[PDB]
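Note sheet for the following structure.
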Amino acid sequence: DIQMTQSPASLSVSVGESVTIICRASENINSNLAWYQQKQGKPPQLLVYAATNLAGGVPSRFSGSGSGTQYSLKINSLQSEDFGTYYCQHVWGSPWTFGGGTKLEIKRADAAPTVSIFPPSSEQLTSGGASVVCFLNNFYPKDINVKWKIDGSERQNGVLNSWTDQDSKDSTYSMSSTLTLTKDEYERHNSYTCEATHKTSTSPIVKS
Amino acid sequence: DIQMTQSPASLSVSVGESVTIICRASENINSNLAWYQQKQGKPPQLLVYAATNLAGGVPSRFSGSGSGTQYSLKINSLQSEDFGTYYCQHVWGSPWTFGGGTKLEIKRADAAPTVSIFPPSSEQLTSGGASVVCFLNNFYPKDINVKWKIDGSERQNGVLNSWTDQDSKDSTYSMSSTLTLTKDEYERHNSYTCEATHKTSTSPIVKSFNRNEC
Amino acid sequence: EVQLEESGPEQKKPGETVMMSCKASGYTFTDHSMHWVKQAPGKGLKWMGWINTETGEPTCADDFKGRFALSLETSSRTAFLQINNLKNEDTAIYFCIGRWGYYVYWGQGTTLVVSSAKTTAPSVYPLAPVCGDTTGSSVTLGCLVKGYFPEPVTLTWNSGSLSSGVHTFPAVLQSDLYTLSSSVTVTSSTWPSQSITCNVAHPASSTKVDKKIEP
Amino acid sequence: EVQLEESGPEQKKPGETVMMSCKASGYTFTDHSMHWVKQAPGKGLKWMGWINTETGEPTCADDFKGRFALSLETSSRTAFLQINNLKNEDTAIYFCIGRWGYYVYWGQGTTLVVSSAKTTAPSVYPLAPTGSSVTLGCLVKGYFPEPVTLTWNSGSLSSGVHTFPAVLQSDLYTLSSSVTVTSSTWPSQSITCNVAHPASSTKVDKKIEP
Amino acid sequence: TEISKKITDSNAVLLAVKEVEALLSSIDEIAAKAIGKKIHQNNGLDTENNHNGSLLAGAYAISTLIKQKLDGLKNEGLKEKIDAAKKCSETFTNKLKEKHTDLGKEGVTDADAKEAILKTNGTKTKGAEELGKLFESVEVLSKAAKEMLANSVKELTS
Amino acid sequence: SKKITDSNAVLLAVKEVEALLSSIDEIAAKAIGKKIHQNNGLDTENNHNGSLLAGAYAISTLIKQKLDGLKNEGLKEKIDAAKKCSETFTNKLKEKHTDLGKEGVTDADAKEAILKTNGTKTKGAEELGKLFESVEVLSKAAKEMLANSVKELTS
């Protein structure tokens, strides 16, 4: 059937600038296309329908245009709340196939992560385990890479990382890295560190 | 059903002036109305359809207007080619009923009739009959009255008269009055007269021939 | 655009039956109907009925059935109006109409005359000007066609070459016979100097007559 | 406008069957259609199929009708999506959509988690600790299923917060949250961790101290 | 043959209703795709803001015809639901007439035309509200005319 | 007893296209050079038919959508004739964009584009009339497909 293609794949535009996303179908779809915005963990929200009509509760700074095979969603200026992945959808007959999505982020001044490290809790190692948590809060760009050095040596085999979404107000990110381990191995080693490399500095940020 | 009433019954309007006829339907007909012009002895000619659109070849001096139950046709500057009877028609579903019509005459200055009398043709005299015909040409207004005297005394039956419609060029009328009679009867009386009276003149025009004269 | 062509003129007598036809060509009628219209002499246009050009189902006004019958041949796009036990009041021009979009297509009409008359050729008599005063430099001349049925006769002057100055008067019926006259005006510049003739044709009686008009 | 309300979340393990519903109300769908959408974690929105709302005739994409059955009931205007022989790849949030005019109506979505895990309470651990502001934390680990409610002082302290999305492995979720506050407040004023896992009927309020 | 004609009667009602449904679908199309638009050489339709007068004249004219078709629709079984649609129709057309100050000019703004004939617009103060009820009242009629037909073709296999 | 209903589908789909076409007739014959009047419904407003022309184009694109979705081997040659007629019509309006692609489209220009009964048909009306008859040809053939099979009841 008809296949939908979006571009660009990802996009970082700062607040105030204007943006344009592209959707192109493989045939003429006679303006039977909708646009959505979707934030992490929330349902998609209809922005535009029939190519050029604003949906309920959509600000006047969003606009839709296009005809035939190519269509475009445009945000004039940009506000801290308009991050997310945008989708187009062909709405006629069947199938109503979606585009691949365009991840748009707000570009911002680069920020160093305020890093915090926490020992395994007292309640935890009465249960028999141990976990040290390293919090990396309010940074930009997103791509940060954490590892952990132990008594001189460092460790990588069994670790869990969770990242936040872009903050709606200051456009920063935060990442929790927690290393869980059998108290067999933790009790041997007195002090521990957490290692993170980010473009804000050539030397990695370190907390012990 | 939805009846269509037209107004007025007739008009007499000079060239260059304006004309408006009214068609009123008994219910709302949604501008499904046509207008026709019909000249004497010819099929009606479609002027306007769907209330406002001119038909093929119709000049821009025609227009249609109205909505709901009241509609009108207008001629903003009337040309002498526009005499006739005008009809509206409801055109949707069934029936497609017509208005009663509106007779439009073109008003014009008065013109005296040029009167001509003709003797019975010789071949018609061999027939058994005899004809003295009176031609009344290019007179306005239409209203005309004609008599026929025979050596002084009148004649009122055996007379047969016909007018033309309004001339498409100068808006005058014409009339023929014919007298096809037994031949023996034509072969008794001397002078024959065919003299009409018109608003143009007091007294009648008098045109007449004589049998054995010339 | 849609063209409608109808039967030839018809002359019947009271009691007989007549059938007329109307053939449509060009686009389809958007509402798939053909309507019939009657115009009696001196009366306006009156709507008679319509027939469905898909089903052949007729529908008529209450003024027109128990007598009038309407059919249609779909293969040829030809409507048919048949009237039985004809009466004098059936004398009229019968039109056949239909629409494409909101535009109404018409013509040309069929003329029906119900009458005790029969086909009779016309006699033609040249009406010469009276000798004596050539009053005015303009001479008017006449032609009289008399005693014919049915209409029409066609009259011209010098085979149609003389057209200006002509007044052909509408034929009037009397005792089952029509009478018609025509007048031609022309200035004594011309008559009797050159050749003017009255041409009349009556195809119903296969009559062709030319009669020159001399002093 | 048109409303569509779907079932609650579902937890199943591989092999069994789930049936989700979606009940429409308000205006009539213009083309008499209700469509289903699959959103797997990390993948985009994917059209699954549609059902005719007048006749109940199911129509699925070529990837979605070996184990998938679409059905409809008319009195209640509810569409039903059934998946049998559930696989891990079936883990997704499913949406049910339709249109009036050219406007599309959505939501609310139904999450399906296919996993061998059973309901397990969490073990909540306080994270104790330069600069006139210190950061603290909460470690919620080893629970199933989602969700877990985490607050700081009954939600009365909400500035400086970063709660992080839960992640699954070994069939149990792990979640963390961090608070930051000026050194004038702590350890001088009462803070606390409030975690709530209703599935295991667990309400735990825990206070981080030095 | 007692039903042979009643199946034919039921289907005539359906065809008349589906015609009304299609003309309403054309109002939907121009409201969603022609408002604020002009014909373009290559793109088909391009942006041209705030001259929707002639377009809304067209919407009114299509709605005149819908009202005309519904008035011609007559069936004893579905009388109540025909007249329900009819009154929705007359309510829609009367609403457009009422807002002639904003709709009866060549320069009808885009925002105001959407409030008149875009039934999905956020605001519906100038006709869009009544238009939506018209759509629903016709689909109540269509859903029922179909059941009338279905009840007759049913009578051949039981 | 379902090929009988299978060809019902194509008849109903053609009837829909026929109804959409009837709406272009309506606005052409009654909306060109008109505005909404409170008492009269429609009154005079000349030479601003661009938006009404855009609606006519949008209805025509929808028609072309419907006809492209018509698939049946029986009427396929007549469907393809209808398809081509539609595409030729739509392409004509875009060709005349200089006269119809503007707010202030004159009444004369508009009638020459979508009023198939206008004396001059230079800007689309000619192709529209052929579009109508193309669908009419298809409607008759669709009405023969069910009628010949519905004859099975008494034959």
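Residue numbers (the numbering used here), protein chains in the order written: chain A, 5 to 212; chain B, 136 to 349; chain C, 1389 to 1603; chain D, 22 to 231; chain E, 26 to 183; chain F, 27 to 181. Backbone N, C-alpha and C define an ideal beta-carbon position, used for all residues, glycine too.
Are the segment 128 to 140 of chain A and the segment 178 to 189 of chain A touching, with three or more C-beta to C-beta distances below 8 Å? yes
Beta-carbon proximity check, residue 183 (chain E) vs residue 31 (chain E), cutoff 8 Å: What you label residue 183 (chain E) is simply residue 158 of the fifth sequence in a count that begins at 1. What you label residue 31 (chain E) is simply residue 6 of the fifth sequence in a count that begins at 1. No, the pair does not count as a contact, with Cβ atoms beyond the cut-off.
Entirely within the segment 264 to 347 of chain B and at least 3 residues each: give me those beta strand (DSSP E) ranges in chain order. Here the runs fully enclosed are 264 to 266, 268 to 274, 295 to 298, 308 to 313, 315 to 317.
Would residue 345 (chain B) pass as an interface residue toward chain F - the criterion being a Cβ-Cβ separation below 8 Å? By 1-based counting over the second sequence, the position of residue 345 (chain B) is 210. Not an interface residue.
Against residue 66 (chain F), what residues of chain B qualify as contacts under a CB-to-CB distance less than 9 Å, listed in chain order? As a first step, residue 66 (chain F) is located in the sixth sequence; it is residue number 40 there, counting from the start. Those within 9 Å of residue 66 (chain F) in chain B are 201, 202, 203.
Please state whether DSSP places residue 221 (chain B) in a helix, a strand or coil. Here the question's residue 221 (chain B) lines up with position 86 in the second sequence. In this structure, residue 221 (chain B) counts as strand in the three-state DSSP scheme.
What residues from chain E crowd round residue 165 (chain B), counting only those whose CB sits closer than 7 Å? Here residue 165 (chain B) corresponds to residue number 30 of the second sequence, with the count starting at 1. What residue 165 (chain B) touches in chain E: 89, 93.
Considering only their Cβ atoms, is the gap separating residue 1484 (chain C) from residue 1467 (chain C) smaller than 8 Å? To locate residue 1467 (chain C), count along the third sequence from 1; it is residue 79. To locate residue 1484 (chain C), count along the third sequence from 1; it is residue 96. For residue 1467 (chain C) and residue 1484 (chain C), yes; Cβs fall inside 8 Å.
State the CB to CB distance for the pair residue 1399 (chain C) and residue 1503 (chain C), rounded to an integer number of angstroms; the pair is presumed to be in contact (CB under 8 Å). As a position in the third sequence, residue 1399 (chain C) is number 11, starting the count at 1. As a position in the third sequence, residue 1503 (chain C) is number 115, starting the count at 1. Contact flag correct, Cβ pair sits at about 7 Å.
At a Cβ cut of 9 Å, what residues of the segment 112 to 136 of chain D count as close to chain A, listed as they run along the chain? Against chain A - using a Cβ distance shorter than 9 Å - the residues of the segment 112 to 136 of chain D are 114, 116, 118, 120, 122, 123, 124, 125, 126, 127, 128, 129, 130.
Within 10 Å of its beta-carbon, does residue 193 (chain A) have 16 or more other beta-carbons around it, so buried, or fewer, so exposed? The sequence position of residue 193 (chain A) within the first sequence is 189, counting from 1. Under this definition residue 193 (chain A) is an exposed residue.
Inspect the beta-carbon positions of residue 44 (chain D) and residue 97 (chain D) and report whether they are closer than 8 Å. Numbered from 1 along the fourth sequence, position 23 holds the residue referred to as residue 44 (chain D). Numbered from 1 along the fourth sequence, position 76 holds the residue referred to as residue 97 (chain D). Contact annotation: residue 44 (chain D) and residue 97 (chain D) have beta-carbon atoms nearer than 8 Å.
Tell me whether residue 60 (chain E) sits in a helix, a strand or coil according to DSSP, three-state version. For this step, residue 60 (chain E) is matched to residue 35 along the fifth sequence. The answer is coil: DSSP assigns residue 60 (chain E) none of H, G, I, E or B.
Please list, in chain order, the residues of the segment 1437 to 1467 of chain C that have any C-beta partner in chain B closer than 9 Å. 1437, 1438, 1447, 1449
Member of C:1477, C:1534, C:1453, C:1580 whose CA lies at the smallest distance from the CA of residue 1588 (chain C): Here residue 1588 (chain C) is taken as the residue at index 200 of the third sequence, counted from 1. The option with the nearest alpha carbon to residue 1588 (chain C) is C:1534.
Residues of the segment 1413 to 1427 of chain C whose Cβ lies closer than 8 Å to any Cβ of chain F, in chain order: 1415, 1416, 1418
Starting from the Cα of residue 126 (chain D), find the closest Cα among D:50, D:89, D:140 and give me that residue. Looking up residue 126 (chain D) in the fourth sequence gives position 105. Comparing Cα positions, the closest option is D:50.
When DSSP labels each residue in this structure, what does residue 1427 (chain C) get in the three-state scheme? Counted from its first residue, the third sequence places residue 1427 (chain C) at position 39. Here residue 1427 (chain C) sits in strand by DSSP.
Distance between beta carbons of residue 6 (chain A) and residue 101 (chain A), contact taken as under 8 Å: For this step, residue 101 (chain A) is matched to residue 97 along the first sequence. For this step, residue 6 (chain A) is matched to residue 2 along the first sequence. Beta-carbon to beta-carbon, residue 101 (chain A) and residue 6 (chain A) are separated by about 7 Å, close enough to satisfy the 8 Å threshold.
Should residue 195 (chain D) be flagged as near chain A, meaning a C-beta pair shorter than 8 Å? Position 174 of the fourth sequence, counted from the start, is the residue given in the question as residue 195 (chain D). Yes, contact with chain A.
Specify, as a first and last residue, the run of the beta strand (DSSP E) that residue 28 (chain E) falls within. Counted from its first residue, the fifth sequence places residue 28 (chain E) at position 3. Segment: none, residue 28 (chain E) is in no beta strand (DSSP E) and carries neither H nor E.
Chain A contact for residue 65 (chain D) (CB, 8 Å cutoff): What you label residue 65 (chain D) is simply residue 44 of the fourth sequence in a count that begins at 1. Yes, because at least one Cβ of chain A sits closer than 8 Å to the Cβ of residue 65 (chain D).
Are three or more beta carbon pairs between the segment 138 to 156 of chain D and the segment 63 to 79 of chain D nearer than 8 Å? no
Who are the Cβ neighbours of residue 123 (chain F) in its own chain at under 7 Å, not counting the five residues just before and after it? Translated into positions along the sixth sequence, residue 123 (chain F) becomes position 97. Hits under 7 Å: none found.
Is residue 164 (chain D) close to chain A, meaning its C-beta is less than 8 Å from at least one C-beta of that chain? For the purposes of this step, residue 164 (chain D) is taken as residue 143 along the fourth sequence, with counting starting at 1. Chain A contact via Cβ: absent.
Of all the residues that make up the segment 138 to 149 of chain E, which are near chain D by a beta-carbon distance shorter than 7 Å? Listed by position along the chain: 144, 145.
At which residue ranges does the segment 9 to 38 of chain A contain complete beta strand (DSSP E) runs of 3 or more residues, listed in the order of the chain? 14 to 16, 23 to 29
Does the segment 245 to 262 of chain B come into contact with the segment 197 to 206 of chain B, if we say contact requires no fewer than three beta-carbon pairs (one atom in each stretch) closer than 8 Å? no
Proximity winner among A:68, A:203, A:187, relative to residue 124 (chain A) (alpha-carbon distances): Residue numbering aside, residue 124 (chain A) sits at position 120 when the first sequence is read from its first letter. Comparing alpha-carbon positions, the option among A:68, A:203, A:187 lying closest to residue 124 (chain A) turns out to be A:187.
To the nearest angstrom, report how far apart residue 172 (chain A) and residue 84 (chain A) are at their CA atoms. Looking up residue 172 (chain A) in the first sequence gives position 168. Looking up residue 84 (chain A) in the first sequence gives position 80. Looking at the two C-alpha atoms, the distance is approximately 6 Å.
Taking the CB atoms as reference points, tell me whether residue 307 (chain B) and residue 275 (chain B) lie closer together than 8 Å. As a working mapping, residue 307 (chain B) is identified with position 172 in the second sequence. As a working mapping, residue 275 (chain B) is identified with position 140 in the second sequence. Yes, these two residues count as a Cβ contact at 8 Å.
Since residue 55 (chain F) meets chain B, which of its residues come closer than 9 Å, beta carbon to beta carbon? For the purposes of this step, residue 55 (chain F) is identified with residue 29 of the sixth sequence, where counting begins at 1. When 9 Å is used as the limit between beta carbons, residue 55 (chain F) is near these residues of chain B: 166, 184, 185, 186, 187, 188, in chain order.
Cα-Cα separation, residue 1543 (chain C) to residue 1598 (chain C): Here residue 1543 (chain C) is taken as the residue at index 155 of the third sequence, counted from 1. Here residue 1598 (chain C) is taken as the residue at index 210 of the third sequence, counted from 1. Taking the straight line joining both Cα atoms gives about 10 Å.
By Cβ distance below 8 Å, which residues in the same chain neighbour residue 273 (chain B) in space, the five residues on each side in sequence not counted? Your numbering for residue 273 (chain B) matches position 138 in the second sequence. Around residue 273 (chain B): 246, 248, 249, 302, 305, 307, 308, 309.
Span of the alpha helix (DSSP H), counted from its first residue to its last, around residue 136 (chain F): For this step, residue 136 (chain F) is matched to residue 110 along the sixth sequence. Here the alpha helix (DSSP H) through residue 136 (chain F) covers 133 to 140.
Close-in-space but distant-in-sequence residues of the same chain around residue 71 (chain E) (CB under 6 Å, 5 per side omitted): In the fifth sequence, counting from the first residue as 1, residue 71 (chain E) sits at position 46. Correct list, in chain order: 63, 65.
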